[PDB]
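# Close look at the chain arrangement
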Amino acid sequence: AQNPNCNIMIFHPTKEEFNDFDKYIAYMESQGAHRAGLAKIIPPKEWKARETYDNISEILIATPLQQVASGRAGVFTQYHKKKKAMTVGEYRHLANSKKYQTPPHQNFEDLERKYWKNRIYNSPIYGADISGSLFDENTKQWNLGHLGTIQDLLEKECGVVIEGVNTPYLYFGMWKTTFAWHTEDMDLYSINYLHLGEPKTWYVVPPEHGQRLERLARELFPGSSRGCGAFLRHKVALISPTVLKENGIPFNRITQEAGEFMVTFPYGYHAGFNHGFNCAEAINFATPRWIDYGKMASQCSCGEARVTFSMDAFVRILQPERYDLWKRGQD
Ligand SMILES: O=C(O)CNC(=O)C(=O)O
Ligand SMILES: [Mg+2]
Ligand code: NI
Ligand SMILES: [Zn+2]
C-alpha cells in the first residue's frame, strides 16, 4: 500500500506530464497521494496561468462576507455577515489597512501560532465563491475553467445523462480569512490554484479517518450535532491543530504559495486560513474512483447547507433513497 502514513505528497510534473490532467490525477493516486486527503502540485517552470495580474482590480465582490467567530480560540464557529459590494481594488486596499493587514512575523510557523491564538478576536472580510476564472483562455494545461465536467463523468461511468453545469469560483482573501472544516459537496474532489498574493495554510484529515473528525466535532459542537446529523456540511466549525492533537485525530498541514495547485481528494476533510491578501480559484471535479464516495456521501437535510442547482442530479441518481428528504431541505 503506497503512502501508508497518509502524508501530504508534493508533485513536480514536467511540461509533458502536465498535458493530460486525468492521467496525472490517476498517477498521483498510484503513488498513494489520496490517502492524505490533499496533495500539492507545483507546475512546470514553463507554465503560466495568465500573463499578468495587473488588470484585476475592477472585478466586483458583490457580497463580501465578514467572518464573525464565537467560542474559544481552538474551538469556534464562524458566521458570515454580508457587507456592501466592493471591487477587488477596494478589497485589496482594505486587506492592507492597519485594521486588517498581516502582523509582523518570523516565518509561517510564527504566523500560524498568531492565527490560532488571535483569530477569534477579529472579524476578517472574505470575497468568496465568486463565479469566474482568471485563467487565460489560451492556457491549455490545468486550466480550471476547461476541465471535464462532473456531469460528463457521471454519464461516462454510469450511462445517465443529467442536467447541470460545473464552473469555477474565485476567492479573494485577507489575513485570518478562514475556511471551516468540510469535505466537498457529494464528497467530490476539489482543485485550488493560488493565483497571487500571500499564502494559504491547509489542514487535512486522511479520508480513511474522516469519521474520527466527525465524532470529535459532535462532541465539541453538541447543539449543532443535535440540530443536524451532517452539520459539518454547514461549513462553520473550526478546530485547531492543538485540539486535534489533544484528541488523537490524525491530520496533516501544509502551506500553499502563489503559483501552486492543491488537490483535495474525496472525503478529505480540510480547513485553513489565508496569510494576507490573495486570490485563489477553485472548482470541484470527479474521476471514476469518486463514484463510490458520491454514493455514500452524507447529506445535510436540516436546511442550513443550501447548495447549487447541480447537486440535485447527483443526489437523485446516486442516492435515490435520500433524495426526497434532501430536496425538502433544499425547499
Ligand atoms: O480556499 C478556500 O477558501 C477554500 N477552498 C477549498 O475548500 C477548496 O479549494 O476545496
Ligand atoms: Mg478588472
Ligand atoms: Ni474545499
Ligand atoms: Zn444541516
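Each chain carries its own residue count, beginning from 1 and running in the order its sequence is written; this scheme need not agree with the entry numbering, and residues with no coordinates do not appear. Naming scheme: in the order in which they are written, chains are lettered from A and ligands are numbered from 1. To obtain the side-chain values, all non-hydrogen atoms of the structure were included, while hydrogens and water were left out. Residues with missing side-chain atoms are left out of burial classes, side-chain pairs and their counts.

### Comments concerning the overall build of the protein chain
Here a strand is any run of E in DSSP of at least two residues, a helix any run of H or I of at least four, and the numbering for each starts at the N terminus. Within the protein chain one finds ten helices and 16 strands. The reference for a compact globule is 2.2 Å times residues^0.38; the radius of gyration itself is calculated from the C-alpha atoms. Expected size for 331 residues packed as a compact globule is a radius of gyration near 20 Å; at 19 Å, the protein chain falls within 12% of this value. Overall, the C-alpha framework of the protein chain stretches about 55 × 50 × 40 Å when taken along its three principal axes. For the protein chain, contacts bridging at least 24 residues in sequence account for 83% of all contacts bridging at least 6. We call two residues contacting when some pair of their heavy atoms lies within 4.5 Å.

### Observations concerning the pairing of strand β8 (residues 169-173)
Of all five residues making up β8, four are buried, and the element is well covered by its neighbours. Only strands joined by at least two bridges in the DSSP assignment are considered to pair. For strand β7 (residues 125-131) and β8, the ladder comprises three bridges, and the chain directions are antiparallel. Bridging across to β8, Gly-127 finds its partner in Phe-172. Relative to strand β16 (residues 278-285), β8 runs antiparallel, the two being bridged by five bridges. Exposed residues in this analysis have more than 50% of their type's maximum accessible area, buried residues have under 20%, and partly exposed residues fall in between, with area computed by a 1.4 Å probe over protein chains only.

### Comments concerning the site of ligand 1
Around ligand 1 sit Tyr-126, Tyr-171, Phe-179, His-182, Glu-184, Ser-190, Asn-192, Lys-200, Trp-202, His-270 and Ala-282, and those are all the residues in its vicinity. Any N or O atom pair separated by 3.5 Å or less is treated as a polar contact, with the protein-specific requirement of one donor-capable and one acceptor-capable atom, and with residues adjacent in sequence counted only for side-chain atom pairs. Within the contact set of ligand 1, an oxygen atom lies 2.9 Å away from a side-chain nitrogen or oxygen of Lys-200. In this structure, an oxygen atom belonging to ligand 1 sits 3.1 Å away from a side-chain N or O atom of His-270. Among the elements of the structure, β9 (178-182), β10 (189-197) and β11 (200-205) are those that each provide at least two residues to the shell around ligand 1. One heavy atom within 4 Å of a molecule or strand makes the whole residue count as near it.

### Considerations on the coordination of the zinc ion (ligand 4)
Sodium, potassium and calcium take a 3.2 Å donor cutoff, other metals 2.8 Å, and in both cases only N, O and S atoms count; water is not among them, so sites may look incomplete. For the zinc ion (ligand 4), every protein donor is listed as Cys-228 (SG), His-234 (NE2), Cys-300 (SG) and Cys-302 (SG), and the spread of their distances is 2.2 to 2.3 Å. Each of the four donor atoms bound to the zinc ion (ligand 4) contributes to angles spanning 101 to 116°, and the resulting shape is tetrahedral. In terms of primary sequence, the donors binding the zinc ion (ligand 4) are separated according to C-x5-H-x65-C-x1-C. With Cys-228 in the loop between α6 (222-227) and β12 (237-239) and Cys-302 in the loop between α8 (290-296) and α9 (311-318), the pair connects residues that are 74 residues apart, well separated along the chain. The exposure class assigned to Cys-302 is partly exposed, which follows from its relative accessible area of 38%. Four donors are marked tetrahedral only if all angles between them lie between 85 and 135 degrees, whereas four are marked square planar and six octahedral if opposite donors are more than 155 degrees apart and the other angles lie between 65 and 115; the remainder are marked irregular.

### A short note on the UniProt feature "domain: JmjN" in the protein chain
In the UniProt entry, the feature "domain: JmjN" is given for residues 8-50. Helix makes up 23% of residues 8-50 and strand 16%, with an end-to-end C-alpha separation of 27 Å. UniProt positions are given in the numbering used here, feature names are shortened, and annotations may be inferred rather than shown by experiment.

### Focus on the packing of aromatic side chains
Side-chain rings of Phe, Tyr and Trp, where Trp is taken by its six-membered ring, are said to pair if the distance between their centres is within 6.5 Å; with planes under 30 degrees apart they count as stacked, over 60 as edge-to-face, and otherwise as tilted. This structure, assessed with the given rule, holds 32 aromatic pairs. Where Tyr-115 meets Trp-175, the ring centres are 6.3 Å apart and the plane angle is 75°; that geometry is what we call edge-to-face. Placement of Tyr-115 in helix α3 (residues 108-118) and of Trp-175 in the loop between β8 and β9 is noted, with a sequence separation of 60 residues between them. Note on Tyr-115: relative accessible area 0%, which makes it buried. With relative accessibility at 7%, the residue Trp-175 sits in the buried group. Relative to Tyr-193, the ring of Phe-135 lies with its centre 5.4 Å away and its plane at 45°, an arrangement referred to as tilted. A residue pair is termed long-range when its members are at least 10 positions apart, and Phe-135 in the loop between β7 and α4 (150-158) and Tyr-193 in strand β10 qualify at 58 residues. When its relative accessible area of 8% is taken as the criterion, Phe-135 is described as buried. Whether a charge sits over a ring depends on NZ of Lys or CZ of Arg being within 6 Å of the ring centre and within 35 degrees of the ring normal. Taking NZ or CZ as reference, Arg-50 lies 6.0 Å from the ring centre of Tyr-53, over its face. For the cation-ring pair, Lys-99 lies above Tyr-100, with the distance from its terminal atom to the ring centre recorded as 5.6 Å.

### Some thoughts on the UniProt feature "binding site: 2-oxoglutarate" in the protein chain
Taken from the UniProt record, the annotation "binding site: 2-oxoglutarate" applies to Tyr-126, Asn-192, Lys-200 and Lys-235. Relative to the helices and strands, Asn-192 resides in strand β10. Excluding anything up to four places from it in sequence, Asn-192 contacts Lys-200, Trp-202, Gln-256, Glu-260, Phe-261, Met-262, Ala-280, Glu-281 and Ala-282. A polar contact is formed between the side chain of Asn-192 and the side chain of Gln-256, at a distance of 3.2 Å. For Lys-200, the position within the fold is in strand β11.

### Details of the nonpolar core
Ranked by internal contacts, the top residues of the largest apolar core, which has 39 residues, are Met-28, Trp-142, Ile-191, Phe-261 and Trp-290. With residues up to four places along the chain from it excluded, the contact list for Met-28 reads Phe-11, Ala-33, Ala-39, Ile-41 and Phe-265. As used here, the term nonpolar core means buried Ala, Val, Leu, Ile, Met, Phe, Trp, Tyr and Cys residues forming a set that is joined through side-chain atoms within 4.5 Å. Membership of the second largest hydrophobic core comes to 33 residues, among which are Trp-175, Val-205, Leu-213 and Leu-232.

### Here's the deal with the packing of α9 against helix α10 (residues 320-330)
Helix axes are fitted to C-alpha atoms over the stretch in contact, other axes to C-alpha atoms as well, and angles between N-to-C directions run from 0 to 180 degrees. Following both chains from N to C, one finds α9 and α10 inclined at 140°, their axes separated by 6 Å at the closest point. Relative to α10, α9 is oriented oblique. Contacts between α9 and α10 involve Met-311, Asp-312, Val-315, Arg-316, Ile-317 and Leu-318 from the first element and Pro-320, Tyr-323, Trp-326 and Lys-327 from the second. Per-class residue counts for the contact of α9 with α10 are seven nonpolar, no polar and three charged. Any angle that falls under 35 degrees is termed roughly parallel, while one over 145 is termed roughly antiparallel, one within 65 to 115 roughly perpendicular, and all others oblique. Classes in brief: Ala, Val, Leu, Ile, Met, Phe, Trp, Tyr, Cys and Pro nonpolar; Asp, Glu, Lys and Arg charged; the others, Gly included, polar.

### Section: the side chain of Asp-312
Inspection of the secondary structure puts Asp-312 in helix α9. Overall, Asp-312 belongs to the buried group, its relative accessible area being 16%. Separated by 2.6 Å, the side chains of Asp-312 and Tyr-323 make a polar contact.

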